[PDB]
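In what follows, a single structure is set out as structure tokens and then discussed.
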Amino acid sequence: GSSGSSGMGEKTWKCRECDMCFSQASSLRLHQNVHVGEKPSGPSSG
Ligand SMILES: [Zn+2]
């Protein structure tokens with residue numbers, strides 16, 4: 001039985017680059033901004 005969430009869902013809104021968990025999905029939406037300028041983690045490097 002390959003099933004997923006049988007019971008309650010899950011509130012986990014992690015970022016993309018930094019992959020930071022944000023209890024609130026909205027808060028993250030705005031946070032993502034931080035990744036728009038300096039060391040945005042776009043071009044492969046480091
Ligand atoms: Zn982030």
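Going through the structure tokens in order, the chains are called A, B, and so on, while each chain numbers its residues from 1 and the ligands are numbered from 1 in the order shown.
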Close residues to ligand 1 using only C-alpha atoms and all ligand atoms, limit 8 Å, as a VMD selection string: chain A and resid 14 to 20 28 31 to 35
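Those residues that approach residue 11 in chain A to within 8 Å, counting only C-alpha atoms, are residues 9, 13, 23 and 24 of chain A; same-chain residues fewer than 2 positions away are not listed.
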